[PDB]
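Chains as they are written, first to last, in the UniProt record's numbering: chain A, 41 to 286, 301 to 363; chain B, 1 to 112.
The C-beta atom is built at its ideal place from N, Cα and C for all residues, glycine as well.
In what follows, a structure is listed as structure tokens, so that the remarks can point back to it.
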Amino acid sequence: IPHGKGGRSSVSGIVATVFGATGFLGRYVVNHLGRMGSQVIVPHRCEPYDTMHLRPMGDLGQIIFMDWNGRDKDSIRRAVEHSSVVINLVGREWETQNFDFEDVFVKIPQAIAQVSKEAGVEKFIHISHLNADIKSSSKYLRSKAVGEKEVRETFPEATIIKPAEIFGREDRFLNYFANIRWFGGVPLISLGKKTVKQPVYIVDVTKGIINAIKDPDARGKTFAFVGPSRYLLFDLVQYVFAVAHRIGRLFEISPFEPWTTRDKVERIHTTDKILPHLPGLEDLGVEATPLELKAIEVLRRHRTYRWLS
Amino acid sequence: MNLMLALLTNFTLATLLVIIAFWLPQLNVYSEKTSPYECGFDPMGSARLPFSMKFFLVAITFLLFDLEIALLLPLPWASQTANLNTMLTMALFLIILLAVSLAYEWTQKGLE
Ligand SMILES: NC(=O)c1ccc[n+]([C@@H]2O[C@H](COP(=O)([O-])OP(=O)(O)OC[C@H]3O[C@@H](n4cnc5c(N)ncnc54)[C@H](OP(=O)(O)O)[C@@H]3O)[C@@H](O)[C@H]2O)c1
Numbered sequence: 041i042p043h044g045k046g047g048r049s050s051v052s053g054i055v056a057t058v059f060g061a062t063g064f065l066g067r068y069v070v071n072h073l074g075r076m077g078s079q080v081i082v083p084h085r086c087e088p089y090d091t092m093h094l095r096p097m098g099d100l101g102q103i104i105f106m107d108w109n110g111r112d113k114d115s116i117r118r119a120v121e122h123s124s125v126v127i128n129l130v131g132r133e134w135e136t137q138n139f140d141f142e143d144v145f146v147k148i149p150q151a152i153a154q155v156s157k158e159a160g161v162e163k164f165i166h167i168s169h170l171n172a173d174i175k176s177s178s179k180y181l182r183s184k185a186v187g188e189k190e191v192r193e194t195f196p197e198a199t200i201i202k203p204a205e206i207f208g209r210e211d212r213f214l215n216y217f218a219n220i221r222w223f224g225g226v227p228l229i230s231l232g233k234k235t236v237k238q239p240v241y242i243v244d245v246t247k248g249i250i251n252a253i254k255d256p257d258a259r260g261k262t263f264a265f266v267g268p269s270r271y272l273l274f275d276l277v278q279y280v281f282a283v284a285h286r301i302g303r304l305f306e307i308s309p310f311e312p313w314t315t316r317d318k319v320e321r322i323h324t325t326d327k328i329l330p331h332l333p334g335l336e337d338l339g340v341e342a343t344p345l346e347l348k349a350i351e352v353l354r355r356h357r358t359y360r361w362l363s
Numbered sequence: 001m002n003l004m005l006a007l008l009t010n011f012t013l014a015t016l017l018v019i020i021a022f023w024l025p026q027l028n029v030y031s032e033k034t035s036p037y038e039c040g041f042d043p044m045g046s047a048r049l050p051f052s053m054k055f056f057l058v059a060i061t062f063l064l065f066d067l068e069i070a071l072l073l074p075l076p077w078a079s080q081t082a083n084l085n086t087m088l089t090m091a092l093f094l095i096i097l098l099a100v101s102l103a104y105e106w107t108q109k110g111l112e
């Protein structure tokens with residue numbers, strides 16, 4: 041039962057759990073539950089020290105850590121047993137040399153769609169992507185739209201989410217560009233045609249969840265995440281050079311964490327804007343954020359002073 | 001022919017060792033945020049380097065005392081001669097031509 045005011049050292053009655061919640065997105069959600077009060081049980085896989093930069097997030101005795109693997113059907117059953125809502129951001133980019141990547145969007149999101157359904161969670165949540173279509177594309181972009189089909193079977197109430205290409209602070213989406221000091225900028229594939237997608241700013245997505253986190257009355261009913269206006273140009277790849285003025303890694307280096315001459319180059323140009331009929335955002339709002347104004351901040355390079363844009 | 005073998009040997013250990021230190025973890029997968037937090041403990045510092053003179057003269061002031069102690073250098077080869085008086089009478093001139101050039105300026109060093 042919610043008490044007092046939402047500042048910090050308050051209650052607001054919701055527990056949570058957030059799986060993943062180390063890399064770019066998950067760190068940036070929990071930080072919005074280390075404010076309005078919660079009990080955020082964040083588990084994590086292998087990382088003892090990479091999770092510390094998080095801890096001054098909840099006040100005291102709010103967030104609490106566990107250890108888990110995720111192919112063991114117990115590790116997801118020991119935590120969640122006490123919970124209210126549980127969202128899931130889990131999953132990543134390139135196929136691992138260990139995890140074969142095929143069912144890590146299939147078996148894992150179900151492996152946590154195991155006893156969670158049984159044990160009496162509620163308002164369970166999962167992530168989708170605006171561009172994933174079960175027609176043939178794209179080797180990574182596929183297997184994600186399987187979860188929308190395969191996993192939706194379980195837990196009839198989901199409110200599974202469908203956002204666009206997002207640009208954060210430390211994000212890897214718009215940052216693959218401007219790291220491209222290289223033989224030259226070569227668009228994908230050397231064509232200025234279908235760029236760009238709906239680049240929503242990471243705050244609005246992470247303010248969507250906690251707006252649906254007790255919504256109320258969105259369960260089973262999936263939503264998709266509007267971008268700003270409107271579609272976009274080739275200039276986005278020029279815009280990068282317009283202003284820029286031209301976890302658990304290792305001790306020394308990582309052997310392979312590449313640019314992936316594979317799905318990566320073709321995942322960025324898949325565009326496929328899709329169905330409007332999803333509610334999907336202002337209803338869950340109120341948020342929408344532009345690009346032109348918010349792209350200076352995340353972009354700071356070797357002038358570090360001049361802008362005049 | 002073995003000198004250059006003893007020089008480009010030396011740099012090539014040094015010009016190697018920059019990359020195996022600077023560069024090797026430089027491409028490591030850690031965070032390395034671009035934030036303009038760098039340039040320690042004088043956070044912003046927007047100015048030109050102003051002309052400050054008594055910094056300057058201590059350049060010039062040396063450069064001239066420098067020359068003649070190249071002129072002064074071939075004494076110990078010249079100590080072997082025929083008529084030597086033209087040495088001692090002459091050798092001792094340069095020095096006193098050096099030491100004079102002090103005494104004048106010595107009225108004003110300023111804060112050096
Ligand atoms: N909605 C979108 O716009 C969008 C865009 C790009 C990608 N995605 C996908 O939607 C989710 C957003 O992820 P993100 O933005 O937070 O980036 P992310 O770097 O993939 O974050 C995932 C975190 O969970 C970890 N992880 C990877 N595989 C795991 C597994 N089987 N089990 C447990 N943890 C695993 C990752 O490394 P650790 O195991 O060390 O924790 C990382 O810590 C991901 O699934 C991503 O593939 C979505």
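Any beta carbon from chain B within less than 8 angstroms of A:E306's own beta carbon?
yes
What is the rounded straight-line gap between the Cα of B:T81 and the Cα of B:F65? 27 angstroms
Chain A contacts made by the segment 21-45 of chain B, where a contact means CB separation under 7 angstroms
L24, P25, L27, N28, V29, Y30, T34 and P36
By alpha-carbon positions, which one of A:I104, A:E341 and A:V144 ends up nearest to A:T91? A:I104
Since I believe B:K54 is in contact with B:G110 (beta carbons under 8 angstroms), could you give me their beta-carbon distance rounded to a whole number of angstroms?
5 angstroms
Can you check DSSP and say which residues form a bridge with A:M106? A:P83
Looking at the secondary structure, which residues open and close the alpha helix (DSSP H) in which A:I250 lies?
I242 to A252
Q) Quick one: is A:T358 near chain B, going by C-beta distance under 8 angstroms? A) yes
Runs of alpha helix (DSSP H) wholly within the segment 314-346 of chain A (minimum 4 residues, chain order)
317-321
Discussion item. Tell me which residues share the same chain as A:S52 and place their Cβ nearer than 6 angstroms to its Cβ, disregarding the 5 neighbours each side in the sequence.
Written reply: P42, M76 and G77
Indicate whether A:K179 and A:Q154 have their beta-carbon atoms separated by less than 8 angstroms.
-> no
Got a sec: is the Cβ-Cβ distance from A:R354 to anything in chain B below 8 angstroms?
yes
* Where does A:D257 land, buried or exposed, given buried means 16+ other C-beta within 10 angstroms? -> exposed
On the CB-based measure, 16 or more other CB atoms within 10 Å of its CB, does B:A78 come out buried or exposed? exposed
Review point. Any heavy atom of ligand 1 closer than 7 angstroms to the CB of A:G267?
Key: no
> Beta-carbon of A:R303 versus every beta-carbon of chain B: anything under 8 angstroms?
Replying inline: yes
A:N71 to A:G248, Cα distance in whole Å?
14 angstroms
Does DSSP put A:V58 in a helix, in a strand, or in coil? strand
### Neighbour-count burial assignment, B:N10, 16 or more Cβ in a 10 Å radius
exposed
With 9 angstroms as the C-beta to C-beta threshold (strictly closer), list the residues of the segment 307-327 of chain A near chain B in chain order. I307, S308 and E311
(message) Could you give the first and the last residue of the continuous alpha helix (DSSP H) run that contains A:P309?
(response) In the DSSP assignment, A:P309 falls outside any alpha helix (DSSP H), carrying neither H nor E.
- [ ] Spatial neighbours of A:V245 within its chain, please: CB distance less than 7 angstroms, with the 5 preceding and 5 following residues excluded, ordered by chain position.
- [x] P203, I206 and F265, listed in sequence order.
- Query: Is A:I200 near A:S168, with beta carbons less than 8 angstroms apart?
  - Reply: yes
Tell me which same chain residues have a C-beta within less than 7 angstroms of the C-beta of A:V82, skipping the five on either side of it? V58, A61, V70, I103 and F105
Fill in: Residue span of the alpha helix (DSSP H) that contains B:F56, given as start and end
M53 to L71
Can you tell me whether A:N128 is helix, strand or coil according to DSSP? strand
*Find the nearest neighbour of A:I165 within the set A:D140, A:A172, A:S124 and A:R132, judged by alpha-carbon distance.*
Ranking A:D140, A:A172, A:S124 and A:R132 by Cα distance to A:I165 puts A:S124 first.
Keeping to the same chain, check which residues put their C-beta closer than 7 angstroms to that of A:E190; ignore five residues upstream and five downstream.
These residues qualify, in order along the chain: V146.
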